[PDB]
Structure formats: C-alpha cells, structure tokens
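Student: Dumping the structure here so I can ask a few things about it.
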Amino acid sequence: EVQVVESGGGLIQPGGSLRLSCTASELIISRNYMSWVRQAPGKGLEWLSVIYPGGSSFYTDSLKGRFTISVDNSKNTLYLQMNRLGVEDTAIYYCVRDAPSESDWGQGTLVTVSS
Amino acid sequence: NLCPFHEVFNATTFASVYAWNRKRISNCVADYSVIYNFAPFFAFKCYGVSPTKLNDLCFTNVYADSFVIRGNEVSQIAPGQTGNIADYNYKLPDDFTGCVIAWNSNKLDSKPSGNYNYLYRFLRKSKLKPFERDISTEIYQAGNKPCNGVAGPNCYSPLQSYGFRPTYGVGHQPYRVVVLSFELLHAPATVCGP
Amino acid sequence: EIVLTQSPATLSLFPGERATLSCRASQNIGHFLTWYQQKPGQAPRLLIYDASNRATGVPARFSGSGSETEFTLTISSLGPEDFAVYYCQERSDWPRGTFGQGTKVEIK
C-alpha cells in the first residue's frame with residue numbers, strides 16, 4: 001500500500017489557528033488529487049477540501065473562509081492551514097489521495113480544540 | 001455562400017472534449033441572430049463581447065470549438081473557472097472573448113448501457129494553456145517511478161470516458177457544447193456579421 | 001445540497017452472511033457514488049467507485065449496484081475483517097461530495 005503520513009495535530013485553544021502536514025513516500029503529491037477529510041468523534045465523515053494536480057483547490061461552504069490547502073513540490077508534502085478553530089472542529093483529519101481506481105488514505109492526526 | 005454554423009450545431013456526432021475538435025469559419029457573412037433565434041440552444045453564455053452586436057463586428061476568423069461534456073461541468077466552461085474540464089480538457093482564458101453554446105443532448109448522445117465514445121482528460125502535470133489541446137494518451141506518471149508507459153499503480157491513463165446514460169439527472173446528462181472563438185490580428189478581417 | 005440516507009443504522013449479521021447496505025440520494029446523481037470501508041481507529045478504504053466498479057485490491061466479495069437515487073452495497077460473505085463501518089459518498093463533482101451517516105456491522 002502506498003503510504004502517506006499526516007503530522008502536526010495536537011491540543012489547541014479555541015479560536016486559534018493550526019497547520020496540518022501530510023507527506024508522501026512513493027507518490028508525488030504535486031502530481032495527484034489530494035483531499036482533507038475530518039471525522040469528528042462519534043460522527044460521520046465530512047470531506048473538507050481538495051487540491052488538484054494543477055493547483056486548483058475547492059472547499060465546502062461550511063468551511064470556506066476558515067481552511068486553506070497548499071502543497072510543497074520540493075519536500076513532497078500537503079498542508080492544511082486552519083484558522084478560527086472552534087470546539088466543533090475537534091476531529092481526526094485525514095490526508096487522502098483519490099484516484100478513479102484507487103484511494104490511498106493516511107492514518108489521520110487528531111486535532112483537539114479545547115481549554 | 002452562407003456559413004456552416006448550422007452544420008456544426010446539427011453535426012451527427014461531436015468530438016471528445018479532451019480531443020476538442022476545431023472547425024474554422026472564414027470569409028463569410030455570419031448571421032448570429034438566426035442561431036440566437038434557435039432558443040432550444042438553452043445555454044447562450046457569452047464573454048468579452050456583446051452577443052447582439054456580433055451581427056455588426058468583423059473578425060479575421062471564427063473557430064467553432066465543438067465537444068460534449070456533462071451538464072454540471074458546463075459551469076466550468078467560463079472565464080476564471082477551474083476544475084476537471086477547465087484544467088485538463090478545455091481551458092478558457094480569463095479574458096475570453098466569444099460565446100459558449102450548450103444544450104442537453106440526452107435525446108441523441110445518451111445510449112442505454114452508457115455512451116463511452118466521449119472521453120475527457122483528468123490527469124496532467126499542469127493546467128492546460130488557454131485553447132490548448134492535448135491528445136497524448138501516454139501513461140501519466142503520478143509517482144517517483146517511471147512505469148515504462150504501461151498502465152499500473154501510481155501511473156494511470158490520463159483519459160476517462162463519460163458513459164452517458166439516458167436516465168441520469170440533468171446535471172449529469174450530456175450537453176453538446178460548441179464554443180465560438182474569435183480572432184483579429186493586425187490584418188483586414190474576413191468574417192463580418194453585416 | 002445532496003443528502004444521503006444510509007440504512008440500516010446497524011447491520012447485525014452473523015459472520016459469513018451476505019450484507020446488503022442501502023444508500024439513497026435526494027437528487028438523481030447517476031452512478032457517481034463511492035463506498036468506503038473504515039475499520040475502527042483507522043482511515044477509510046475505498047471499496048466501490050461509480051457505484052459498480054470494484055477498486056484495486058478489494059476482494060471480489062464486494063460489489064456495488066443501483067443508480068440515480070437508490071444505491072446498494074453488497075458483500076457476498078462477511079469475513080471477520082469486514083465487520084466495520086461503511087460510508088456512501090456521492091461523486092457528482094468527483095472527488096468532492098457529501099457522505100452518508102454510515103452503517104455499522106456488529107452483532108454483539
């Protein structure tokens with residue numbers, strides 16, 4: 001299985017900002033469809049954002065103006081900048097490569113918005 | 001001799017969007033009211049030009065860019081848009097001058113068990129330049145390893161088929177799209193509305 | 001916005017039984033729908049794409065069916081590892097789309 005690893009998740013106070021990181025060993029992040037999906041504790045999945053190989057990116061209306069997605073070509077990483085995080089944002093955030101015949105998820109990194 | 005616009009609109013078969021066919025119109029009196037009179041061309045979006053005044057201007061050449069896409073992706077065909085088609089199949093410039101004409105073609109293009117003759121590119125290194133065509137069917141590299149141009153993990157065929165079926169929703173039914181691309185470069189024009 | 005109503009909430013089958021999971025869409029989305037397997041404490045895993053096509057590496061027991069507004073995931077025989085959550089996600093704007101509430105496969 002192609003491996004992608006997330007990092008940068010941890011405790012954060014309400015109203016703060018955070019940057020998650022995602023790295024790829026085999027595949028090239030700049031040459032693939034990459035999306036961020038969060039799974040709040042005991043709640044369903046919610047696709048957050050995508051970035052296309054050409055740099056085009058999209059977001060959900062519930063998250064527009066708060067989350068931002070970016071990539072690094074040299075290091076081969078994917079980044080998700082989070083702003084104005086509330087308590088409800090507490091969730092495991094996954095980094096996933098989506099292909100028509102494949103979907104390679106990482107293992108998620110927990111984000112804990114609490115005092 | 002009148003221009004072939006209605007031949008383009010009523011062509012029996014349209015081209016795949018990744019290999020978007022281009023038909024060049026030149027040296028003819030292009031009446032635009034008649035096509036606008038055919039209101040069943042439901043989508044009549046125009047950019048960088050006044051659609052009514054097309055019957056008064058002159059242009060060196062007009063290219064009838066014809067292809068088929070899904071109904072929902074029709075939104076991607078416009079200046080400043082991004083997405084699957086706008087990046088990897090048919091990129092319109094943000095300063096695009098011309099008109100896109102799209103209409104539902106489910107009655108003819110859609111077939112039971114899917115119509116896969118229409119294909120679109122979805123994997124590429126970079127965004128297509130405005131009005132760029134890329135027919136290259138080589139296996140697209142999506143990883144470190146070169147894969148000898150033969151399909152496998154982390155290297156895919158960059159083209160996908162729509163598979164239009166008759167019963168899909170309006171946003172997913174085929175929409176025959178013909179895009180008028182204009183020209184005027186330092187010389188007397190050939191096509192004039194009046 | 002397209003909302004998917006997965007049912008049943010819990011599918012308490014004995015091991016080896018065929019598992020059928022219903023996912024209904026509020027809009028006609030054609031066959032553009034995806035099914036994800038997700039073990040507990042692990043990231044999801046793609047099973048079916050375009051509601052009919054099995055993804056690479058997925059065992060042949062998994063299969064998808066239905067179209068437009070009524071989609072159904074079918075597992076020919078539940079293995080021990082198959083006891084997990086399953087989500088249906090529409091793909092009208094692939095890879096984008098909303099997820100269903102999920103279905104849990106556990107008896108006791």
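Each chain in the structure tokens gets a letter, A, B, ..., in the order shown, and its residues are numbered from 1; ligands are numbered from 1 in order too.
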Near chain A, which residues of chain C fall within 6 Å when you count only C-alpha atoms, and what do they look like as a list in words?

Tutor: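 Applying the cut-off to the listed atoms yields residues 43, 46, 55 and 101 of chain C.
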
Student: Write out as JSON, numbers by chain each polymer residue whose atoms come within 12 Å of residue 69 (chain C), counting only C-alpha atoms; drop sequence neighbours fewer than 3 positions from it.

Tutor: {"B": [167, 168, 169], "C": [2, 3, 4, 5, 6, 22, 23, 24, 25, 26, 27, 28, 29, 30, 31, 32, 33, 51, 65, 66, 72, 90]}

Student: If DSSP is run on the backbone, what residues of chain A are helix (DSSP H, G or I)? A reply as a PyMOL selection string would be ideal.

Tutor: chain A and resi 29-31+87-89

Student: Please indicate the distance in Å from CA of residue 155 (chain B) to CA of residue 120 (chain B), rounded to one decimal place.

Tutor: 17.0 Å

Student: Give me, as a list in words, all polymer residues having an atom no more than 10 Å from region 29-34 of chain B, counting only C-alpha atoms and skipping those fewer than 3 positions away in the same chain.

Tutor: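 Listing them by chain and then by number gives residues 1, 2, 3, 4, 5, 6, 25, 26, 37, 38, 39, 51, 52, 53, 54, 55, 56, 57, 58, 59, 62, 190, 191, 192, 193 and 194 of chain B.
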
Student: For the residues in that selection, give me C-alpha atoms as a PDB file, in the first residue's frame.

Tutor:
ATOM      1  CA  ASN B   1     -22.022  31.244 -49.880  1.00  0.00           C
ATOM      2  CA  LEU B   2     -23.517  31.168 -46.386  1.00  0.00           C
ATOM      3  CA  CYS B   3     -21.616  29.971 -43.337  1.00  0.00           C
ATOM      4  CA  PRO B   4     -21.812  26.408 -41.957  1.00  0.00           C
ATOM      5  CA  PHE B   5     -22.869  27.213 -38.344  1.00  0.00           C
ATOM      6  CA  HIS B   6     -25.965  25.025 -38.561  1.00  0.00           C
ATOM      7  CA  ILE B  25     -15.059  29.674 -40.255  1.00  0.00           C
ATOM      8  CA  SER B  26     -13.663  32.307 -42.608  1.00  0.00           C
ATOM      9  CA  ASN B  37     -33.376  32.664 -32.721  1.00  0.00           C
ATOM     10  CA  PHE B  38     -32.907  28.930 -32.092  1.00  0.00           C
ATOM     11  CA  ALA B  39     -33.733  29.312 -28.383  1.00  0.00           C
ATOM     12  CA  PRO B  51     -23.893  38.796 -28.258  1.00  0.00           C
ATOM     13  CA  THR B  52     -26.334  41.084 -30.073  1.00  0.00           C
ATOM     14  CA  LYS B  53     -23.583  43.218 -31.622  1.00  0.00           C
ATOM     15  CA  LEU B  54     -21.876  40.161 -33.170  1.00  0.00           C
ATOM     16  CA  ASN B  55     -24.012  40.859 -36.251  1.00  0.00           C
ATOM     17  CA  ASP B  56     -22.150  44.190 -36.666  1.00  0.00           C
ATOM     18  CA  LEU B  57     -18.487  43.382 -35.954  1.00  0.00           C
ATOM     19  CA  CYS B  58     -15.870  41.834 -38.238  1.00  0.00           C
ATOM     20  CA  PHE B  59     -13.343  39.135 -37.355  1.00  0.00           C
ATOM     21  CA  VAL B  62     -14.153  32.310 -36.001  1.00  0.00           C
ATOM     22  CA  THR B 190     -12.742  38.078 -43.339  1.00  0.00           C
ATOM     23  CA  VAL B 191     -15.899  37.287 -41.333  1.00  0.00           C
ATOM     24  CA  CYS B 192     -18.430  40.093 -40.873  1.00  0.00           C
ATOM     25  CA  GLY B 193     -21.910  39.960 -39.405  1.00  0.00           C
ATOM     26  CA  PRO B 194     -23.400  42.657 -41.631  1.00  0.00           C
TER      27      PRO B 194
END

Student: Pick out the residues sitting within 10 Å of residue 86 (chain C), and hand them over as an MDAnalysis selection string; count only C-alpha atoms, and ignore anything fewer than 5 positions along from it in its own chain.

Tutor: chainID C and resid 6 21 35:39 44:47 73 100:105

Student: Could you save the residues just selected, with N, CA, C and O atoms, as a PDB file, in the first residue's frame?

Tutor:
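Listed below is the output, selection.pdb:
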ATOM      1  N   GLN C   6     -28.253   6.621   4.614  1.00  0.00           N
ATOM      2  CA  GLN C   6     -27.853   5.227   4.713  1.00  0.00           C
ATOM      3  C   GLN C   6     -28.766   4.484   5.678  1.00  0.00           C
ATOM      4  O   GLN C   6     -29.217   5.032   6.688  1.00  0.00           O
ATOM      5  N   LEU C  21     -26.331  -3.159   2.020  1.00  0.00           N
ATOM      6  CA  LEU C  21     -26.378  -1.850   2.656  1.00  0.00           C
ATOM      7  C   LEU C  21     -27.024  -0.873   1.688  1.00  0.00           C
ATOM      8  O   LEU C  21     -26.557  -0.721   0.557  1.00  0.00           O
ATOM      9  N   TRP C  35     -18.205   4.073  -2.209  1.00  0.00           N
ATOM     10  CA  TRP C  35     -18.366   3.384  -0.937  1.00  0.00           C
ATOM     11  C   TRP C  35     -17.009   3.221  -0.267  1.00  0.00           C
ATOM     12  O   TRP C  35     -16.042   2.794  -0.906  1.00  0.00           O
ATOM     13  N   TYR C  36     -16.946   3.553   1.021  1.00  0.00           N
ATOM     14  CA  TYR C  36     -15.715   3.497   1.797  1.00  0.00           C
ATOM     15  C   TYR C  36     -15.857   2.526   2.961  1.00  0.00           C
ATOM     16  O   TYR C  36     -16.803   2.622   3.747  1.00  0.00           O
ATOM     17  N   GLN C  37     -14.907   1.602   3.072  1.00  0.00           N
ATOM     18  CA  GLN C  37     -14.756   0.799   4.274  1.00  0.00           C
ATOM     19  C   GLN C  37     -13.849   1.518   5.266  1.00  0.00           C
ATOM     20  O   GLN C  37     -12.897   2.202   4.886  1.00  0.00           O
ATOM     21  N   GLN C  38     -14.147   1.350   6.553  1.00  0.00           N
ATOM     22  CA  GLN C  38     -13.374   2.012   7.600  1.00  0.00           C
ATOM     23  C   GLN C  38     -13.344   1.139   8.842  1.00  0.00           C
ATOM     24  O   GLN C  38     -14.340   1.061   9.566  1.00  0.00           O
ATOM     25  N   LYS C  39     -12.201   0.513   9.101  1.00  0.00           N
ATOM     26  CA  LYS C  39     -12.013  -0.180  10.362  1.00  0.00           C
ATOM     27  C   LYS C  39     -11.980   0.840  11.500  1.00  0.00           C
ATOM     28  O   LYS C  39     -11.668   2.013  11.279  1.00  0.00           O
ATOM     29  N   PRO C  44     -10.457   5.491   6.319  1.00  0.00           N
ATOM     30  CA  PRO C  44     -11.338   4.759   5.403  1.00  0.00           C
ATOM     31  C   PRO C  44     -10.560   4.037   4.312  1.00  0.00           C
ATOM     32  O   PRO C  44      -9.351   4.206   4.138  1.00  0.00           O
ATOM     33  N   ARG C  45     -11.289   3.214   3.562  1.00  0.00           N
ATOM     34  CA  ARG C  45     -10.730   2.428   2.470  1.00  0.00           C
ATOM     35  C   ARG C  45     -11.769   2.350   1.364  1.00  0.00           C
ATOM     36  O   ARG C  45     -12.922   1.994   1.621  1.00  0.00           O
ATOM     37  N   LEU C  46     -11.359   2.667   0.140  1.00  0.00           N
ATOM     38  CA  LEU C  46     -12.278   2.655  -0.993  1.00  0.00           C
ATOM     39  C   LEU C  46     -12.663   1.223  -1.344  1.00  0.00           C
ATOM     40  O   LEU C  46     -11.798   0.348  -1.451  1.00  0.00           O
ATOM     41  N   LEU C  47     -13.964   0.989  -1.523  1.00  0.00           N
ATOM     42  CA  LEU C  47     -14.473  -0.298  -1.982  1.00  0.00           C
ATOM     43  C   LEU C  47     -14.970  -0.235  -3.422  1.00  0.00           C
ATOM     44  O   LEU C  47     -14.497  -0.990  -4.277  1.00  0.00           O
ATOM     45  N   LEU C  73     -24.792  -1.372  -1.593  1.00  0.00           N
ATOM     46  CA  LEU C  73     -23.554  -2.122  -1.472  1.00  0.00           C
ATOM     47  C   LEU C  73     -23.861  -3.552  -1.048  1.00  0.00           C
ATOM     48  O   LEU C  73     -24.678  -3.793  -0.155  1.00  0.00           O
ATOM     49  N   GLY C 100     -22.692   9.778   3.628  1.00  0.00           N
ATOM     50  CA  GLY C 100     -23.814   9.319   4.416  1.00  0.00           C
ATOM     51  C   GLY C 100     -23.442   9.185   5.879  1.00  0.00           C
ATOM     52  O   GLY C 100     -22.288   9.333   6.283  1.00  0.00           O
ATOM     53  N   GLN C 101     -24.452   8.895   6.697  1.00  0.00           N
ATOM     54  CA  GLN C 101     -24.230   8.767   8.131  1.00  0.00           C
ATOM     55  C   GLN C 101     -23.508   7.482   8.507  1.00  0.00           C
ATOM     56  O   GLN C 101     -23.104   7.342   9.666  1.00  0.00           O
ATOM     57  N   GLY C 102     -23.336   6.552   7.577  1.00  0.00           N
ATOM     58  CA  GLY C 102     -22.591   5.342   7.837  1.00  0.00           C
ATOM     59  C   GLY C 102     -23.460   4.224   8.385  1.00  0.00           C
ATOM     60  O   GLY C 102     -24.553   4.435   8.908  1.00  0.00           O
ATOM     61  N   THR C 103     -22.949   3.002   8.250  1.00  0.00           N
ATOM     62  CA  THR C 103     -23.621   1.801   8.727  1.00  0.00           C
ATOM     63  C   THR C 103     -22.601   0.929   9.441  1.00  0.00           C
ATOM     64  O   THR C 103     -21.521   0.668   8.903  1.00  0.00           O
ATOM     65  N   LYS C 104     -22.949   0.473  10.640  1.00  0.00           N
ATOM     66  CA  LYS C 104     -22.058  -0.319  11.476  1.00  0.00           C
ATOM     67  C   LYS C 104     -22.421  -1.792  11.353  1.00  0.00           C
ATOM     68  O   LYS C 104     -23.599  -2.154  11.446  1.00  0.00           O
ATOM     69  N   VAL C 105     -21.410  -2.633  11.148  1.00  0.00           N
ATOM     70  CA  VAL C 105     -21.601  -4.074  11.018  1.00  0.00           C
ATOM     71  C   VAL C 105     -21.066  -4.719  12.292  1.00  0.00           C
ATOM     72  O   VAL C 105     -19.875  -5.005  12.409  1.00  0.00           O
TER      73      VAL C 105
END

Student: Counting only C-alpha atoms, what are the residues of chain A within 7 Å of chain B, and for each of them which pair of atoms is the nearest and at what distance in Å, to one decimal? Sort the table by chain and rising number, as CSV.

Tutor:
residue,atom,partner,partner_atom,distance
A:26,CA,B:143,CA,6.1
A:27,CA,B:143,CA,3.9
A:28,CA,B:143,CA,4.8
A:31,CA,B:142,CA,5.4
A:32,CA,B:142,CA,6.3
A:53,CA,B:125,CA,6.5
A:54,CA,B:126,CA,4.6
A:56,CA,B:82,CA,6.4

Student: Using the selection just defined, write its residues with C-alpha atoms as an mmCIF file, in the first residue's frame.

Tutor:
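again19.cif, freshly written:
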data_model
loop_
_atom_site.group_PDB
_atom_site.id
_atom_site.type_symbol
_atom_site.label_atom_id
_atom_site.label_comp_id
_atom_site.auth_asym_id
_atom_site.auth_seq_id
_atom_site.Cartn_x
_atom_site.Cartn_y
_atom_site.Cartn_z
ATOM 1 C CA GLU A 26 6.019 6.701 -3.119
ATOM 2 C CA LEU A 27 3.632 9.011 -4.977
ATOM 3 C CA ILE A 28 4.242 12.658 -5.862
ATOM 4 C CA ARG A 31 1.014 15.135 -9.392
ATOM 5 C CA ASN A 32 -2.160 13.797 -7.733
ATOM 6 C CA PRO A 53 -2.601 18.262 -9.684
ATOM 7 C CA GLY A 54 -2.739 21.644 -11.422
ATOM 8 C CA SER A 56 -6.850 24.095 -8.329
#

Student: Where in chain C does DSSP assign strand (DSSP E), given as a count of residues only?

Tutor: 44

Student: Quick one: distance from CA of residue 11 (chain C) to CA of residue 107 (chain C) in Å, one decimal?

Tutor: 7.5 Å
